[PDB]
Structure formats: C-alpha cells, structure tokens
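Secondary and tertiary structure notes
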Amino acid sequence: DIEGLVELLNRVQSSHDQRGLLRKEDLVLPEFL
Amino acid sequence: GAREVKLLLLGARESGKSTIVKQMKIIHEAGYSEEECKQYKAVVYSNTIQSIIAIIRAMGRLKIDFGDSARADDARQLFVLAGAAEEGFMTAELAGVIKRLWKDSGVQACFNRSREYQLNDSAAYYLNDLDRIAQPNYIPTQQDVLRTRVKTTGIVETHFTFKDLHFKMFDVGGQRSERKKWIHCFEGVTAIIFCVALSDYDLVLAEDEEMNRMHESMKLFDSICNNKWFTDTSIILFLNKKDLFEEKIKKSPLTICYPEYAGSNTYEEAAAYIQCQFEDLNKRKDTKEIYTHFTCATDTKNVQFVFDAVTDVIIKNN
Ligand SMILES: Nc1nc2c(ncn2[C@@H]2O[C@H](COP(=O)(O)OP(=O)(O)O)[C@@H](O)[C@H]2O)c(=O)[nH]1
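Residues numbered from 1 in each chain as written, not as in the entry; some residues may be left out. Chains lettered and ligands numbered in written order. Heavy atoms only, no water.

1. Brief notes about the layout of surface pockets
All names here are of chain B. Looking at the second largest pocket, its volume works out to about 350 Å³. Along the wall of the second largest pocket there are 17 residues; nearest its centre are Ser18, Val21, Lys22, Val150 and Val156. Of all the elements, helix α1 (residues 17-27) adds the most residues to the lining of the second largest pocket, at 4 residues. When its residues are assigned to classes, the lining of the second largest pocket shows 5 nonpolar, 5 polar and 7 charged. (1 Å grid on protein atoms, 1.4 Å probe; cavity = no way out; pocket = protein on both sides within 12 Å on 5 of 7 lines; lining within 4 Å. Points joined across faces, edges and corners; volume = space filled by probe spheres on them. Helix = DSSP H or I, 4+ residues; strand = E, 2+ residues; numbered from the N terminus. Nonpolar A, V, L, I, M, F, W, Y, C, P; charged D, E, K, R; others polar.)

2. Examining the packing of aromatic side chains
All names here are of chain B. Using the criterion set out here, one finds 17 aromatic pairs over all chains in the structure. Relative to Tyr40, the ring of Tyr32 has its centre 5.7 Å away and its plane inclined at 80°; by these criteria the two rings are edge-to-face. For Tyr32, a relative accessible area of 8% gives the class buried. Note on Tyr201 and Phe245: the rings are 5.1 Å apart at their centroids and 75° apart in plane angle, and the pair reads as edge-to-face. (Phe/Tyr/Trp six-rings, centres within 6.5 Å; stacked < 30°, edge-to-face > 60°. Buried < 20%, exposed > 50% of the residue type's maximum accessible area, 1.4 Å probe, protein only.)

3. Regarding the UniProt feature "binding site: Mg(2+)" in chain B
All names here are of chain B. Mapped onto the present numbering, the UniProt feature "binding site: Mg(2+)" falls at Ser18 and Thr152. These residues run over 135 residues, yet every pair of their C-alpha atoms falls within 8.7 Å of each other. Those annotated residues that line the second largest pocket are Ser18 and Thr152. Examined against the element boundaries, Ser18 turns out to sit in helix α1. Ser18 sits in the partly exposed class, given a relative accessible area of 22%. If you trace the backbone, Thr152 turns up in the loop between α9 (142-147) and β2 (155-162). (UniProt positions renumbered as here; feature names shortened; annotations may be inferred.)

4. Side note on the nonpolar core
By size, the foremost hydrophobic cluster in this structure holds 42 residues, and its most contacted members are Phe245, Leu254, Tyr258 and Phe278 of chain B. For this core, the secondary structure elements donating two or more residues are α1 (2-12) of chain A together with β1 (3-10), β3 (165-172), α10 (179-186), β4 (191-197), α11 (213-226), β5 (234-240) and α13 (267-279) of chain B. Once you skip the residues sitting within four places of it in the chain, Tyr258 of chain B turns out to touch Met214, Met218, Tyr273, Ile274, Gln277 and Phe278 of chain B. If you look at the next biggest cluster of nonpolar residues, it comprises 38 residues, including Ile52, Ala82, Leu94 and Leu119 of chain B. (Core = buried A, V, L, I, M, F, W, Y, C linked by side-chain atoms within 4.5 Å. Contact = heavy atoms within 4.5 Å.)

Here it is in structure tokens:
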C-alpha cells in the first residue's frame, strides 16, 4: 500500500528543541541546578 | 529550456536534506548576499546557545560532574543570561560563559558521549568559532548560514540551472504532509536522492522508537526502491556525514549497529559494509541500479563534485 509508505515517511522524517530561535521553554534551568 | 529535471530528497531527520538544498543555492545560484547573511545572525546565536544548553542538561541526566567546581555557577548564568538576552545581541559576558563551559573538561567529557543523547551536528561547529561569532561586527559567513537550523515550514523547493538543465529540487522537511502532497512529489521525479546519516550507526535509540535511525533509514530505503510505483524513478544514495562517521569509527565499533559484522573498525571497510547493507535491500539486481555516494553535506567542494557526477549520470540516461 501507499498509505503505509506515506505513514513511514511521516514518522521517519518527522523533525526538536534545537531549531529556530530561542523559546522561554528551552531556557528552563535543569533540575540539578 | 532544453530539459527539466525533477529531484526529490528523502531520508530521516538530521540526514542532511535541508543542507543539500542550501548547498545548491550556494553552488548553482548566487549564494547568500551579504544582506541575506545578516538575517541569520539571530538563528546562529540561537543554535549556539541551544547546543551548549543541550549538553549541560545531558550532564544532569548522565550524572557527569564539572571539571571545575566553579563552572557550576556559569551553567546557571547561562540560562539567566540567555533568559535575559535577545535576538541580534551577544554580550561579552554570555560568550565568556559559553566559552568557559565549552572548555570545561567535564563538559567535554559529556560532549564526547553525545551518542547517548540527541545533539545537533552544528554544535561543535559554532561552539568552536564562538570567539568569531561573539564579535560585534560579526556577520555570518556563507558557511555559517549553511550550518543554521530553522523551523522547516512545509515543503521547500529550489530552482537552478546547471549544464543546460533546469533543476527543481524538492524537500519535505519535518512537516507531516498528507497523502495528497506526497503524491505530487513522487510524480515525474527524475531521481530520488536518499540521504543517510552514517554517524547514526552508534547512537543510543530513543525511548519511543523500536530500532534506531540507521535501521529506520534502512527500512525506509527498502520500501522506496522496492515499491513498484518507483520503477522508472532513478535511485541515488547519499551516504552522508562521512566525516563524522570517520571520527566515530575510531572509538565506536560498527558492531554496535551491525552485530554480524566481522570486519575491522576502519572507515574504509566499515563504510563499504554499510553501503552493502543498503544496496542488498534492493530486490532487483537486474532492474534497479543504485547510484551510491559518500558525501559530506557541509563540505561545499565535495557536494559540488558529487552533484556534478550525479548530473552526468542523469544526462547519460538518455
Ligand atoms: N559534519 C557534518 N555535519 C553535517 C553533515 N550533513 C549535515 N550536517 C549537519 O547536520 C545538521 C542537520 O542536518 P539537516 O540537513 O538539517 O538534516 P535534515 O534536514 O533533517 O535532512 C545541519 O545543521 C548540518 O550542520 C555532514 O556531512 N557532515
């Protein structure tokens, strides 16, 4: 099937927190600090 | 006019797809003008900080100590100075913090174990040239832009002419696209350039995946060149990140990825092996004919030569 293929493509090429500009979410101090 | 060639880029996330496209604009176009380079100044600063933070956080999850107990505060400073700075703004204090952290032996020890967690392959690049990036009059070199990592908004397409041919290179990056959009990419595609990150052989698999990027890539590549609907579509293999693979093969044996491998831990013998693992997935020794290439997507000189070779192959098939 082609659906299976498209599905596979979507999950394999699917993108995280290291793209674009900064976000207030990426600036949260890790727990050990 | 003459002829028009349609190319489609496939390959798992972080395999070098977007990089290849950005290479074409540099090689077979006008590249990035001084002005265009200034636009990425913001994202360059970002990726840099995003990388160092990624390593620091790893130190907590891997239970790694700092080489110098003084760096502890700097780590805190990092998030504060980064929580407080902005775009197009690089304080000498922030760069100093990032720099000292990037030097710390403990941080390095973590950086060396970057296989045990997810980390971009532009980290070392920027973190090394920090002194240059930090400069006030700093303007991102053409190679810098090449290394930038931005949010892929849907499907990208780049036009360019090379050897009297009109190339249209498509790349669906990250954006989950519906069955409909995909069809329009596979249709009329002169050749598929499937990209594989060689350095993904020794990575510790995620907690949500059932194998690993390498095998995932193999499973993907399999269905691709074995799908009857792609019969007339020429398959081109781009074993990418050869440079990183070479540095990894020194300390990380290929056995971690392919247990049944009884060859020596050399770049030459291992890379040849990986190629075979992919090419052997082609259940058409007679019909299909895979064109493999060992590339470094960030190396312009390389890419230029590789693509030139690819071009000829396409012209020949007439
Ligand atoms: N050292 C090295 N780095 C690479 C190579 N190819 C890609 N990268 C880096 O990997 C990062 C992500 O690659 P990218 O093209 O965005 O992956 P994709 O778009 O998901 O296919 C980029 O920022 C590049 O700097 C390579 O051949 N060698």
